[PDB]
Structure formats: structure tokens, C-alpha cells
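Worksheet: the structure to be examined is printed underneath.
Just so it is clear, none of the values below were taken in a lab; they were calculated from the coordinates. A quick note on method: Cβ atoms are made from the backbone with ideal geometry, for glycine too, and the neighbour counts reach across all protein chains shown.
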Protein chains: 4
Amino acid sequence: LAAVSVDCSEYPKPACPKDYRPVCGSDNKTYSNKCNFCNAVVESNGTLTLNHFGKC
Amino acid sequence: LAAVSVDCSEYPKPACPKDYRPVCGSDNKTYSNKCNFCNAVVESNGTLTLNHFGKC
Amino acid sequence: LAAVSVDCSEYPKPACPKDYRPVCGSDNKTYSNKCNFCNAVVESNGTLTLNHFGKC
Amino acid sequence: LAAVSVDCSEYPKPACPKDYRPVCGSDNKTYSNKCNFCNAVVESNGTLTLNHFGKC
């Protein structure tokens, strides 16, 4: 199986970059970057995942 | 799941290297490197993913 | 496919850090960090995978 | 979707480390490490993938 992926291991991080590189989460919300996405993933305890890269 | 993946989480980027090290997209197009591929994935909003590494 | 993943390709390792930054395995056990988790995945021969990031 | 993954982007590499960190390929062969696995993946043009980490 081949995928396109995000590694959220280094997260959470108390501060994130202000770089806009959007990720669409499975909550159908668009996270401004990987760092916001991943902070949210880890805190979601299982319930938030990746839908696709880019704006929803 | 165990997968073979490309990490596109730091994309898009302002420019890519000219380095040849192809990736075959799910569109059966060969992308000259990972960077060119991931810049395309993040614009495809969901529709482009990895097919395999190396030229199609 | 778009996934959320942990890269375990450089595992097993001789030792892991004591750093707390939990990962929940598909066995519903919480692994104190990515390194402890991946050392377990590579011994599980197929049966253990990621459930989610953070504590179970 | 949550996975455990390998990134084979930096490959092929003409030489590999002699570190023994086995990967089982979907050809049901066991590759001595990530570098041997990935060299083989890229040359396989699509036909070789990950089965699981560790010896087959």
C-alpha cells in the first residue's frame, strides 16, 4: 500500500510557525499548517485524522 | 496498516531542486522529484496520491 | 490514501530516550514514546500498528 | 487512517549500511535493512511494497 502521509510524532508543540501550508482534517476543518494540524491530532485522542493536504 | 509513503507535510514550497529522482503519481505522470510531486499533491486537493517510487 | 503515520524504518534500536510523548498502539497499550513503540512494532511481526498519537 | 510507514524517497543509494534491521517485503522476502528494501522498491517499479517491519 502506498500513501501520502504526515508524521505527527514530534507534537504537540506549544508554539507553531505562521507559515500557511493548509491541511484538511477529517473533521472537515482546514488547519493552517502541519503544526496546528498535529497539535490538534494528538489532543483529539484518536478522533481527528488526515483527509487530505491542502484547504478543505 | 504498513505503508510505503512520501511525507508531504511541509508543502507547498516556493521552489524545488532540479534533482532527478522520480516518483510516479496516481495520475500516471512521472514527477521529477519528491518536491515537484508534493507541490502537485497539495494542489490536487485529495485527488493525487503516490503510485510508486521511480519513473512511471 | 492520505495517512497519519509513524516512521519505524530505522528500528530496532539499542535503547530509547526516557522522553514522555506517548503513542497508543493497536493493542491499546500506551508506549511512552515513538522509539519504544517502534521497537515493539518491529518485534510484533505484523500484528502491532499505530492506533493514535498521545496516550490511549 | 493511521499507519506505520517507510519513506523511500532518498533512494536508491549505491551503497547501504551493514546494519541489520529487517523489513519483510510483499514478495515475502526479508530485506536486511531499509536501504536494501528501498533500493529494491524503487527498482521494482511498483511491484514491490511493504508487508511489515521485521523478518518475514
**OP:** Shielding by partners for D:6-17, please: the mean number of other protein chain Cβ atoms within 10 Å of each residue's Cβ.
**Re:** 4
Subject >> Lone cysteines, the protein assembly as shown (no partner Cβ under 4.7 Å) >> reply: none
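Relative contact order for chain D using alpha-carbon pairs under 8 Å, separation at least 6, rounded to a whole percent? Show your work: numbers first, answer last.
On the way: 83 pairs, mean separation 21.1, N = 56.
It rounds to 38 percent for chain D.
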Original post:
Measuring label to label, 7 Å along Cα→Cβ, what does B:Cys56 give against each other copy in nm, shortest first?
Top reply: 3.0, 3.1, 4.3
Subject >> Those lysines that a straight Cα-Cα span of less than 22 Å connects to A:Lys18, excepting residues fewer than 8 apart in one chain >> reply: A:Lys29, A:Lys34, A:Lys55, B:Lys13
Subject >> Using a 7 Å Cα-to-Cβ projection, A:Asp19 label spacings across copies, nm, ascending >> reply: 1.6, 1.8, 2.5
Subject >> For chain C, size of Cβ-based charge dipole, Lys and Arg +1, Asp and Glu -1, in debye >> reply: 220 debye
**OP:** Would you compute, from DSSP H runs of 4+ residues alone, the mean residue ellipticity of the protein assembly as shown at 222 nm, taking -39500 (n - 2.57) per run and dividing by the full residue count, rounded to the nearest 500?
**Re:** -4500 deg cm²/dmol
**OP:** Place the label 7 angstrom along Cα→C-beta at A:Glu43 and in each other copy, then list the distances from the first to the rest in nm, shortest first.
**Re:** 3.3, 3.4, 4.8
**OP:** For chain C, restrict the atom set to alpha-carbon positions and state the Rg and Dmax in Å.
**Re:** 10.6, 33
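Over the protein assembly as shown, what is the percentage of antiparallel beta bridges among all DSSP beta bridges, to the nearest 5?
Of those bridges, close to 55 percent are antiparallel.
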**OP:** Write down the Kirkwood hydrodynamic radius of the protein assembly as shown, to one decimal in angstroms, obtained as one divided by the mean of 1/r over all alpha carbon pairs.
**Re:** 17.7 Å
